[PDB]
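Everything on this sheet refers to the single structure shown next.
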Amino acid sequence: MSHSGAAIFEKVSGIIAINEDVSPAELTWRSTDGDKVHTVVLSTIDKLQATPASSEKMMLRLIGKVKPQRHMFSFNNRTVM
Amino acid sequence: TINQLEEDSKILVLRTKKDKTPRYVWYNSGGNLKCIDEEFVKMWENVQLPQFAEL
Amino acid sequence: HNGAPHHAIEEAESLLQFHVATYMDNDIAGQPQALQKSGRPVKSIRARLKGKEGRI
Amino acid sequence: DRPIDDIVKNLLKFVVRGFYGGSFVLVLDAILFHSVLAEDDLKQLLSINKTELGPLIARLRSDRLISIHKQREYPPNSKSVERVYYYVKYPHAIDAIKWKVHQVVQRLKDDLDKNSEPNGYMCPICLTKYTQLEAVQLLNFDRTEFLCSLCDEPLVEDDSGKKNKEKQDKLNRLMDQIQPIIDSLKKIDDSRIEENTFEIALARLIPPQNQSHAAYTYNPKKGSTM
Amino acid sequence: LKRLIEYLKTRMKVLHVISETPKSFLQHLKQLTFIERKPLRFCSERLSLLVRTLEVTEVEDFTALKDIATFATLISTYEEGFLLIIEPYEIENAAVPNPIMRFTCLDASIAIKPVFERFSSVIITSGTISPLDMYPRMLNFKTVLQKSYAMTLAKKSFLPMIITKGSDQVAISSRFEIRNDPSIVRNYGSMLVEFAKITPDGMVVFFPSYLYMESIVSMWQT
Amino acid sequence: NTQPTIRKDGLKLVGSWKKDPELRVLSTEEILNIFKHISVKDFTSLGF
Amino acid sequence: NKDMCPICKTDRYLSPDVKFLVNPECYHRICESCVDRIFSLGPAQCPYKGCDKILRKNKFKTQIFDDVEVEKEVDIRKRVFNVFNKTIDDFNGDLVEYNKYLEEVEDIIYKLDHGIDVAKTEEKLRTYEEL
Amino acid sequence: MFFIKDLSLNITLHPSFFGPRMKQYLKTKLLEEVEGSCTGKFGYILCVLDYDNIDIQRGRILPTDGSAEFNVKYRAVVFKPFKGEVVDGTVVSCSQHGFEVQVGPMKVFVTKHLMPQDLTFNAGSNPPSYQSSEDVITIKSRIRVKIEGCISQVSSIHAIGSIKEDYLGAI
Ligand SMILES: [Zn+2]
Ligand SMILES: [Zn+2]
Ligand SMILES: [Zn+2]
C-alpha cells in the first residue's frame with residue numbers, strides 16, 4: 001500500500017507503483033484508460049521535491065541528472081505522499 | 001449467452017424498461033442475484049430505520 | 001419516492017406548508033392568500049372563528 | 001488490503017443482491033469498486049440518466065447506504081458548480097443493515113405471534129372485520145349466527161390462522177437466506193470497525209476515467225460552524 | 001463419570017470467585033445430582049480397573065479421565081485442610097473469559113504426617129533454613145533439638161550487602177506495580193553494568209517472576 | 001456548539017451561524033427532532 | 001443449534017434475551033418465545049419434522065447441563081430416586097444387599113435411559129412406588 | 001366471579017314521587033335497576049346488602065327538569081368476570097359456531113375454534129351438540145370452562161370460553 005497510489009501525470013489521471021525487486025528499481029506510471037505508460041529510472045535522481053502539508057496546492061517534482069528531467073506528480077490523499 | 005449468464009447470476013446486465021435487451025454488462029462480484037423472495041423484499045421495503053443519534 | 005432534485009422537494013414542501021397555513025389562517029402578513037374560483041379569499045378556520053359573524 | 005474491508009464489502013454486496021434490484025446492485029458495486037465517485041463519473045460509468053439515478057440515489061439515501069458529500073470546487077474556467085460525491089460509511093451502513101434485519105425479524109415474529117389468534121368473523125356486505133370478542137354480542141336470538149349491526153346479515157369466517165404454518169414456512173425461508181449476513185455480522189462484531197469519512201475513503205480511490213470534471217481535493221473553509 | 005464431567009462443567013459457568021470447602025462442594029453435588037462421597041472415594045481405582053480390563057491399545061484420549069478420577073477421589077476423601085477455588089479469569093490479561101478451578105491443600109502438614117508416623121529418627125536439614133521453629137509450626141511435629149551454627153572464618157569469605165537505593169540515592173523496589181519505573185529499572189541496569197565491569201568470573205542474578213525478567217530486559221535492551 | 005440567530009422569512013425559519021455569516025434554512029424535521037430531544041424539565045421551565 | 005433456536009432460529013447475536021428451554025419429554029432445545037407463542041394457547045406436539053410428542057407449557061424448564069443424554073439420565077434419576085429412598089441404616093448396615101440394591105436401581109436407570117426394557121421396568125417402578 | 005363492593009349510585013328521583021315517604025321509594029327504585037343489572041365497571045350486580053341502613057345524601061334538584069338527584073352509597077354483591085378464569089357451568093344453547101355455557105347470570109360463549117379437535121358438531125342428533133370420542137357435551141350438561149377474554153360495555157358483558165386446557169370440560 002505504501003508503494004501504490006493514484007497520481008496525475010501531465011494533467012492525466014494514473015497510478016504510481018514501485019518496481020523495486022528489479023535492479024535498478026523503477027517508478028512505473030500507468031494511465032487508467034490505457035493511453036500511455038511511463039517509468040522513472042532511479043540512477044538519474046539528484047533532488048526530490050515535495051509540498052508542505054499546510055499548502056493547499058498539492059504537487060510532487062523529481063529532479064534528475066545528466067538538462068534534468070522534471071516530472072509532476074499530483075496526488076489525492078496526504079498519507080499517500 | 002448473456003441471458004444464461006444472468007440466470008446463473010454470473011454477470012450484471014442492464015435492460016430497458018420497454019423490453020429485456022442487454023447493452024452493458026458488468027461482473028457479478030458478490031453472491032447470487034435472486035437470493036431473497038419477493039415477499040421478504042417488499043416487507044424489507046416497508047420497514048424504516050432510526051435517525052443518527054439513536055443507533 | 002420517485003427521486004427528485006432537492007429544490008423540487010423544498011418547493012413541494014413549501015407548497016404543502018403554505019396550503020396548511022392558509023387552511024389554518026388565510027390572512028397571513030407578508031403572504032399571498034388562497035383564492036376561490038370566484039377569486040374571493042378562502043375562508044379559513046380563523047376567519048370562521050374571529051370577527052362579528054365568527055363562531056364566538 | 002484490510003480483511004475487514006473485504007468482509008464489509010461482501011456484506012454490502014450480499015444485501016444489495018438480496019433486498020435490492022439490479023440497478024441498485026450496479027450502484028453499490030460501483031461504490032465498492034471505485035471508493036469515491038461523483039455524479040458525472042457515475043453517469044459515465046453506468047450510462048444512467050438523471051431520472052433513472054433519481055430513484056436509485058433516493059433509495060440508497062433513504063436506506064442509509066451511501067454517504068453524500070456537498071462540496072463545490074473551483075475549476076480553472078470559473079464555472080463552479082455544486083458537484084455531489086458518493087462514498088460509503090462502513091459503521092453506519094452495517095448499523096443500518098443490523099437495524100433493518102432486526103426490525104424485519106421482529107415484524108415477522110410478531111406476524112407469527114398474531115396469526116396464532118383464532119379466525120374471527122367478517123360481514124361480506126359491510127366488509128368490516130370483527131374479532132372473537134365482539135362476535136358474541138352480535139349473536140341472534142336463535143343462538144346460531146352472528147348478525148351484523150349495520151347490514152343485518154350473518155357473518156362469515158375470516159381466513160386467518162390457517163396461514164400460521166405458512167407464516168412459519170415464510171419465517172424459515174427468510175432465515176436460511178439471511179445466515180451469511182448473520183455470519184458476516186458475527187465476524188464484524190468479533191473485530192473492530194474504523195469509522196472512515198470522505199478524507200479517509202479518498203485514500204483507496206480508484207479512478208473511473210482519465211478526465212473527471214469533479215476534483216477529489218477537499219477545500220477547507222474558515223468560519224463555518226456546522 | 002460423564003455426569004461428573006457435566007456437573008463440573010456447569011460449575012465453571014460463573015462470573016466471580018467461588019471459594020467453598022469440599023464439604024460444601026459435595027453438598028452442592030448431592031443436591032444437584034445424586035452422587036455420594038463414598039462412590040467417589042473409589043473413582044480412580046474403579047477407572048483404573050476398568051481401563052485394565054478393557055485392555056485398550058491407546059490411552060491418549062483417556063488422560064482427562066485420570067484427571068477427573070483424581071479430582072473425584074481427592075475431593076471425596078478429603079474435607080478438612082482443603083479448599084476449592086473456582087475463578088473466571090485464569091489470567092486477567094485474557095480478553096475472552098477462561099474459567100478455572102483450583103482444588104488446593106490448605107494444610108501442608110498432611111503429606112508429611114505419615115512420614116513422621118512411620119519413621120522414628122528424622123533429620124531435617126537445609127543449607128539456608130530460617131527460622132528453625134517456623135517449620136514445627138507449619139508441620140505438626142516436635143523436634144528433640146534445634147540449633148544453628150555460626151561458621152567461623154580466618155578471613156571473611158563472603159560479603160553480604162543490602163542496596164536500598166541507586167547511584168542517585170533513589171529508593172529501589174521490585175513491587176509488581178512499579179516494575180515499569182524508568183528510574184528503578186535504570187538504577188538496576190546501572191548497578192549490573194558496574195558489577196559486570198568489576199566481576200571477574202561469573203554471575204547469577206535472581207528476580208521475583210518470569211514476566212518480571214521479560215518486561216525488565218525488554219526495557220534495558222530498548 | 002454555536003447557536004445561530006433565527007428569523008422568520010414567510011413560513012420558514014433561517015439560521016445564521018456566526019463567522020469565526022453561515023446562513024441556511026432550518027428544515028422542520030430538524031426542529032421536530034430537536035424538540036423531541038428537549039427534556040421534560042426543559043420545556044416545563046418554558047411553560048409546556 | 002448450539003447457539004440458536006430450532007424453530008424461531010434466533011441467534012444470541014441478534015436476540016440475546018430468550019433462554020435455553022428444553023423438553024423433559026422429547027428433549028429438544030427451543031427458545032422461550034416459541035413456548036410463549038405456541039403453548040400459551042394450549043398443549044401441542046413437538047414442533048419439528050420427526051418428533052410430535054404431546055407436551056405442556058408448564059413442563060418446560062431451563063437446561064442445566066448442555067448435554068442432552070446426560071440431562072435425560074439426570075431427569076430420570078430424579079424421577080426414580082424420589083421413591084427409591086433406602087440407606088445403609090435402612091439395610092441395618094448390610095453392605096452386600098445395599099450394594100445389590102444400588103446395582104438394581106442403577107440398572108433400571110440404564111434401562112429407562114436406553115429405553116430397551118422400558119415396559120417391565122416401568123411396571124416395577126409403579127409397583128414399587130405404590131407400596 | 002363473586003365480589004362484594006361498596007358502590008355509589010346516582011338516581012333521578014322524579015318530582016311525582018315527592019311524597020312524605022321518599023326513602024322507601026328511593027330504596028325501591030335502587031332495587032329494580034341494580035338487582036340483575038349488568039355494569040361493565042363492576043360486573044353483574046345481584047343483591048344489595050344492608051337494606052336497613054343505606055347512605056342517602058341530600059339530593060340535587062337538577063336546574064332544568066326539576067328531578068331530584070341522589071348519590072346513594074350502597075353495599076352489594078357483584079359478579080365481575082375476568083379473563084384467565086376457570087369456572088363451572090351448564091350449557092344452555094349450542095350451534096355450529098359453538099355453545100353457550102351458563103355461569104351464574106352469564107352466557108359465556110365457547111367458540112368453535114376453542115374445543116380440542118376430538119369434539120365435532122352433529123346437527124342430526126336432537127339436541128344438536130358437540131360429541132367426541134371420550135365424552136359428549138349436550139344441553140344442561142355439567143362442564144368446566146376457562147374464560148380467555150371478556151368484553152365489558154357500559155351495560156353488557158360478553159366472555160370467551162374454551163375447554164382446550166387440561167382438567168376442563170365435564171367433571
Ligand atoms: Zn355488515
Ligand atoms: Zn424459538
Ligand atoms: Zn421433540
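Please note that chains go A, B, ... in the order of the C-alpha cells, that every chain numbers its residues from 1, and that ligands are numbered from 1 in the order shown.
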DSSP on the backbone: which residues in segment 93-193 of chain E end up as helix (DSSP H, G or I)? Give the answer as a PDB file with N, CA, C and O atoms, in the first residue's frame.
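Result written to result.pdb:
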```pdb
ATOM      1  N   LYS E 113       2.736 -35.927  57.536  1.00  0.00           N
ATOM      2  CA  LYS E 113       2.288 -36.635  58.735  1.00  0.00           C
ATOM      3  C   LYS E 113       2.569 -38.140  58.719  1.00  0.00           C
ATOM      4  O   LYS E 113       3.104 -38.641  59.725  1.00  0.00           O
ATOM      5  N   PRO E 114       2.256 -38.916  57.663  1.00  0.00           N
ATOM      6  CA  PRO E 114       2.596 -40.348  57.712  1.00  0.00           C
ATOM      7  C   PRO E 114       4.086 -40.622  57.688  1.00  0.00           C
ATOM      8  O   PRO E 114       4.501 -41.702  58.124  1.00  0.00           O
ATOM      9  N   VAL E 115       4.896 -39.693  57.182  1.00  0.00           N
ATOM     10  CA  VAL E 115       6.343 -39.854  57.250  1.00  0.00           C
ATOM     11  C   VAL E 115       6.809 -39.819  58.699  1.00  0.00           C
ATOM     12  O   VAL E 115       7.628 -40.643  59.124  1.00  0.00           O
ATOM     13  N   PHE E 116       6.283 -38.878  59.485  1.00  0.00           N
ATOM     14  CA  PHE E 116       6.603 -38.839  60.907  1.00  0.00           C
ATOM     15  C   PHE E 116       5.993 -40.016  61.654  1.00  0.00           C
ATOM     16  O   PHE E 116       6.579 -40.499  62.629  1.00  0.00           O
ATOM     17  N   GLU E 117       4.818 -40.480  61.223  1.00  0.00           N
ATOM     18  CA  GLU E 117       4.176 -41.606  61.895  1.00  0.00           C
ATOM     19  C   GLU E 117       4.936 -42.907  61.662  1.00  0.00           C
ATOM     20  O   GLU E 117       5.088 -43.717  62.584  1.00  0.00           O
ATOM     21  N   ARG E 118       5.421 -43.125  60.440  1.00  0.00           N
ATOM     22  CA  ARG E 118       6.064 -44.389  60.099  1.00  0.00           C
ATOM     23  C   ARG E 118       7.483 -44.466  60.648  1.00  0.00           C
ATOM     24  O   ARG E 118       7.861 -45.464  61.271  1.00  0.00           O
ATOM     25  N   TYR E 135       9.114 -24.169  61.000  1.00  0.00           N
ATOM     26  CA  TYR E 135       8.703 -25.423  60.376  1.00  0.00           C
ATOM     27  C   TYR E 135       7.986 -26.397  61.317  1.00  0.00           C
ATOM     28  O   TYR E 135       7.069 -27.091  60.859  1.00  0.00           O
ATOM     29  N   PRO E 136       8.338 -26.513  62.609  1.00  0.00           N
ATOM     30  CA  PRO E 136       7.435 -27.230  63.526  1.00  0.00           C
ATOM     31  C   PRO E 136       6.104 -26.534  63.755  1.00  0.00           C
ATOM     32  O   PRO E 136       5.216 -27.134  64.373  1.00  0.00           O
ATOM     33  N   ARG E 137       5.939 -25.287  63.311  1.00  0.00           N
ATOM     34  CA  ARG E 137       4.623 -24.666  63.356  1.00  0.00           C
ATOM     35  C   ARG E 137       3.795 -25.029  62.128  1.00  0.00           C
ATOM     36  O   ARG E 137       2.619 -25.387  62.251  1.00  0.00           O
ATOM     37  N   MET E 138       4.390 -24.946  60.933  1.00  0.00           N
ATOM     38  CA  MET E 138       3.638 -25.280  59.727  1.00  0.00           C
ATOM     39  C   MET E 138       3.398 -26.781  59.612  1.00  0.00           C
ATOM     40  O   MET E 138       2.416 -27.204  58.993  1.00  0.00           O
ATOM     41  N   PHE E 176       5.409  -5.383  41.863  1.00  0.00           N
ATOM     42  CA  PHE E 176       4.962  -5.682  40.506  1.00  0.00           C
ATOM     43  C   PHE E 176       4.217  -4.519  39.865  1.00  0.00           C
ATOM     44  O   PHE E 176       4.123  -4.463  38.634  1.00  0.00           O
ATOM     45  N   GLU E 177       3.684  -3.595  40.664  1.00  0.00           N
ATOM     46  CA  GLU E 177       3.016  -2.424  40.115  1.00  0.00           C
ATOM     47  C   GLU E 177       3.994  -1.366  39.620  1.00  0.00           C
ATOM     48  O   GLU E 177       3.614  -0.530  38.794  1.00  0.00           O
ATOM     49  N   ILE E 178       5.238  -1.387  40.095  1.00  0.00           N
ATOM     50  CA  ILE E 178       6.216  -0.374  39.716  1.00  0.00           C
ATOM     51  C   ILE E 178       7.386  -1.033  39.000  1.00  0.00           C
ATOM     52  O   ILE E 178       8.518  -0.541  39.053  1.00  0.00           O
ATOM     53  N   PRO E 182      11.027   3.801  35.061  1.00  0.00           N
ATOM     54  CA  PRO E 182      12.316   4.007  34.379  1.00  0.00           C
ATOM     55  C   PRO E 182      13.467   4.296  35.324  1.00  0.00           C
ATOM     56  O   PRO E 182      14.600   3.894  35.039  1.00  0.00           O
ATOM     57  N   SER E 183      13.206   4.973  36.445  1.00  0.00           N
ATOM     58  CA  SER E 183      14.262   5.246  37.414  1.00  0.00           C
ATOM     59  C   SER E 183      14.758   3.964  38.072  1.00  0.00           C
ATOM     60  O   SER E 183      15.969   3.751  38.190  1.00  0.00           O
ATOM     61  N   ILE E 184      13.837   3.092  38.482  1.00  0.00           N
ATOM     62  CA  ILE E 184      14.217   1.873  39.190  1.00  0.00           C
ATOM     63  C   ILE E 184      14.916   0.900  38.246  1.00  0.00           C
ATOM     64  O   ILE E 184      15.949   0.307  38.592  1.00  0.00           O
ATOM     65  N   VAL E 185      14.379   0.738  37.033  1.00  0.00           N
ATOM     66  CA  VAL E 185      14.998  -0.130  36.032  1.00  0.00           C
ATOM     67  C   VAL E 185      16.356   0.421  35.610  1.00  0.00           C
ATOM     68  O   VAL E 185      17.313  -0.335  35.404  1.00  0.00           O
ATOM     69  N   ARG E 186      16.466   1.746  35.498  1.00  0.00           N
ATOM     70  CA  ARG E 186      17.741   2.359  35.141  1.00  0.00           C
ATOM     71  C   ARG E 186      18.774   2.175  36.245  1.00  0.00           C
ATOM     72  O   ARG E 186      19.953   1.934  35.962  1.00  0.00           O
ATOM     73  N   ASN E 187      18.349   2.276  37.510  1.00  0.00           N
ATOM     74  CA  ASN E 187      19.248   2.008  38.627  1.00  0.00           C
ATOM     75  C   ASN E 187      19.720   0.561  38.619  1.00  0.00           C
ATOM     76  O   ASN E 187      20.906   0.286  38.846  1.00  0.00           O
ATOM     77  N   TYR E 188      18.797  -0.372  38.359  1.00  0.00           N
ATOM     78  CA  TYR E 188      19.145  -1.788  38.262  1.00  0.00           C
ATOM     79  C   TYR E 188      20.150  -2.035  37.142  1.00  0.00           C
ATOM     80  O   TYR E 188      21.143  -2.750  37.333  1.00  0.00           O
ATOM     81  N   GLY E 189      19.919  -1.420  35.980  1.00  0.00           N
ATOM     82  CA  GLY E 189      20.855  -1.545  34.877  1.00  0.00           C
ATOM     83  C   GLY E 189      22.213  -0.958  35.199  1.00  0.00           C
ATOM     84  O   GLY E 189      23.245  -1.526  34.832  1.00  0.00           O
ATOM     85  N   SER E 190      22.229   0.171  35.910  1.00  0.00           N
ATOM     86  CA  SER E 190      23.490   0.803  36.282  1.00  0.00           C
ATOM     87  C   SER E 190      24.303  -0.082  37.216  1.00  0.00           C
ATOM     88  O   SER E 190      25.512  -0.267  37.008  1.00  0.00           O
ATOM     89  N   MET E 191      23.659  -0.653  38.243  1.00  0.00           N
ATOM     90  CA  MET E 191      24.420  -1.483  39.174  1.00  0.00           C
ATOM     91  C   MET E 191      24.888  -2.765  38.501  1.00  0.00           C
ATOM     92  O   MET E 191      26.002  -3.228  38.761  1.00  0.00           O
ATOM     93  N   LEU E 192      24.065  -3.348  37.618  1.00  0.00           N
ATOM     94  CA  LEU E 192      24.522  -4.570  36.960  1.00  0.00           C
ATOM     95  C   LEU E 192      25.637  -4.293  35.955  1.00  0.00           C
ATOM     96  O   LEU E 192      26.542  -5.122  35.811  1.00  0.00           O
ATOM     97  N   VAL E 193      25.619  -3.138  35.280  1.00  0.00           N
ATOM     98  CA  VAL E 193      26.734  -2.774  34.403  1.00  0.00           C
ATOM     99  C   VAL E 193      28.016  -2.580  35.208  1.00  0.00           C
ATOM    100  O   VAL E 193      29.086  -3.066  34.823  1.00  0.00           O
TER     101      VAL E 193
END
```
| request: Give the residue list for ligand 3 at 8 Å, counting only C-alpha atoms and all ligand atoms, as a ChimeraX atom specification, sorted by chain and then by residue number. | output: /G:23,25-28,45-48,50-53
Distance filter 10 Å, only C-alpha atoms, chain H against chain G, as an mmCIF file with N, CA, C and O atoms, in the first residue's frame:
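And here is the file that came out, part-v4.cif:
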```cif
data_model
loop_
_atom_site.group_PDB
_atom_site.id
_atom_site.type_symbol
_atom_site.label_atom_id
_atom_site.label_comp_id
_atom_site.auth_asym_id
_atom_site.auth_seq_id
_atom_site.Cartn_x
_atom_site.Cartn_y
_atom_site.Cartn_z
ATOM 1 N N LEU H 114 -62.177 -23.319 19.696
ATOM 2 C CA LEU H 114 -61.644 -23.402 21.049
ATOM 3 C C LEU H 114 -61.986 -24.698 21.778
ATOM 4 O O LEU H 114 -61.734 -24.794 22.985
ATOM 5 N N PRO H 116 -60.901 -28.843 21.851
ATOM 6 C CA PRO H 116 -59.981 -29.807 21.238
ATOM 7 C C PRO H 116 -60.627 -30.487 20.041
ATOM 8 O O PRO H 116 -61.850 -30.629 19.960
ATOM 9 N N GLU H 148 -61.005 -16.868 28.490
ATOM 10 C CA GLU H 148 -59.780 -16.275 27.970
ATOM 11 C C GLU H 148 -59.921 -14.808 27.603
ATOM 12 O O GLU H 148 -58.903 -14.135 27.411
ATOM 13 N N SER H 162 -63.201 -21.552 26.616
ATOM 14 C CA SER H 162 -62.612 -22.683 25.916
ATOM 15 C C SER H 162 -62.516 -23.858 26.874
ATOM 16 O O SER H 162 -62.610 -23.701 28.094
ATOM 17 N N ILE H 163 -62.322 -25.044 26.302
ATOM 18 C CA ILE H 163 -62.104 -26.252 27.087
ATOM 19 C C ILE H 163 -60.869 -26.975 26.568
ATOM 20 O O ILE H 163 -60.708 -28.183 26.775
ATOM 21 N N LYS H 164 -59.986 -26.236 25.890
ATOM 22 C CA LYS H 164 -58.759 -26.827 25.366
ATOM 23 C C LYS H 164 -57.737 -27.113 26.457
ATOM 24 O O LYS H 164 -56.874 -27.976 26.267
ATOM 25 N N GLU H 165 -57.809 -26.409 27.583
ATOM 26 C CA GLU H 165 -56.893 -26.655 28.688
ATOM 27 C C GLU H 165 -57.218 -27.990 29.355
ATOM 28 O O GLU H 165 -58.367 -28.434 29.378
ATOM 29 N N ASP H 166 -56.181 -28.644 29.875
ATOM 30 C CA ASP H 166 -56.351 -29.903 30.579
ATOM 31 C C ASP H 166 -57.113 -29.685 31.887
ATOM 32 O O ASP H 166 -57.123 -28.588 32.454
#
```
| field | For residue 27 of chain B: contacts at 10 Å, only C-alpha atoms, fewer than 6 positions along chain excluded, given as a PyMOL selection string | value | (chain B and resi 9-13) or (chain D and resi 26+29)
| request: Please write out the residues within 8 Å of ligand 1 as a ChimeraX atom specification, counting only C-alpha atoms and all ligand atoms. | output: /D:122-128,147-153,155
May I have the selected residues written with N, CA, C and O atoms, as a compact mmCIF listing (two decimals), in the first residue's frame?
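Final file, selection_14.txt:
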```txt
# COMPACT_ATOMS: atom_id res chain seq x y z
N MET D 122 -66.41 -11.69 9.86
CA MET D 122 -66.33 -10.58 8.92
C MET D 122 -67.62 -10.57 8.11
O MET D 122 -68.06 -11.62 7.64
N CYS D 123 -68.23 -9.39 7.96
CA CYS D 123 -69.50 -9.27 7.25
C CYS D 123 -69.26 -8.94 5.79
O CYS D 123 -68.74 -7.85 5.50
N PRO D 124 -69.63 -9.81 4.85
CA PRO D 124 -69.31 -9.57 3.43
C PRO D 124 -70.00 -8.36 2.83
O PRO D 124 -69.52 -7.85 1.81
N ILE D 125 -71.11 -7.89 3.40
CA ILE D 125 -71.78 -6.72 2.84
C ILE D 125 -71.05 -5.44 3.23
O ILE D 125 -70.69 -4.63 2.37
N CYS D 126 -70.81 -5.24 4.53
CA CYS D 126 -70.15 -4.03 5.00
C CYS D 126 -68.63 -4.10 4.92
O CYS D 126 -67.98 -3.06 5.04
N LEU D 127 -68.07 -5.30 4.72
CA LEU D 127 -66.62 -5.53 4.60
C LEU D 127 -65.86 -5.00 5.82
O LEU D 127 -64.80 -4.39 5.69
N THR D 128 -66.41 -5.23 7.00
CA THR D 128 -65.81 -4.78 8.25
C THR D 128 -65.35 -5.99 9.06
O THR D 128 -66.08 -6.98 9.17
N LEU D 147 -75.19 -11.77 13.59
CA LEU D 147 -75.78 -10.80 12.68
C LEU D 147 -75.03 -9.47 12.75
O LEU D 147 -74.68 -9.01 13.84
N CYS D 148 -74.79 -8.88 11.59
CA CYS D 148 -74.11 -7.59 11.54
C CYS D 148 -75.02 -6.49 12.09
O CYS D 148 -76.25 -6.56 12.01
N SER D 149 -74.39 -5.47 12.68
CA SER D 149 -75.16 -4.36 13.24
C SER D 149 -75.76 -3.49 12.14
O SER D 149 -76.93 -3.10 12.22
N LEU D 150 -74.97 -3.17 11.11
CA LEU D 150 -75.41 -2.26 10.07
C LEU D 150 -76.08 -2.98 8.90
O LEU D 150 -77.08 -2.49 8.36
N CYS D 151 -75.56 -4.14 8.51
CA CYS D 151 -76.09 -4.86 7.36
C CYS D 151 -77.19 -5.85 7.71
O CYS D 151 -77.95 -6.24 6.82
N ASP D 152 -77.30 -6.24 8.99
CA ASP D 152 -78.25 -7.25 9.47
C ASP D 152 -78.12 -8.55 8.68
O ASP D 152 -79.11 -9.16 8.28
N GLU D 153 -76.88 -8.98 8.48
CA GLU D 153 -76.56 -10.17 7.71
C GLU D 153 -75.62 -11.05 8.52
O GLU D 153 -74.76 -10.53 9.23
N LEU D 155 -72.52 -13.24 9.71
CA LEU D 155 -71.11 -13.01 9.44
C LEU D 155 -70.44 -14.28 8.94
O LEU D 155 -70.86 -15.40 9.26
```
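For the pair atom CA of residue 170 of chain H and atom CA of residue 133 of chain H, the interatomic distance is 13.6 Å.
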| request: Please report, as a list in words, each residue of segment 43-209 of chain D to which DSSP assigns strand (DSSP E or B) when run on this structure's backbone. | output: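 DSSP-assigned strand (DSSP E or B) residues in segment 43-209 of chain D: residues 67, 68, 69, 70, 71, 83, 84, 85, 86, 87, 121, 122, 123, 128, 129, 130, 139, 146, 147, 154, 156 and 157 of chain D.
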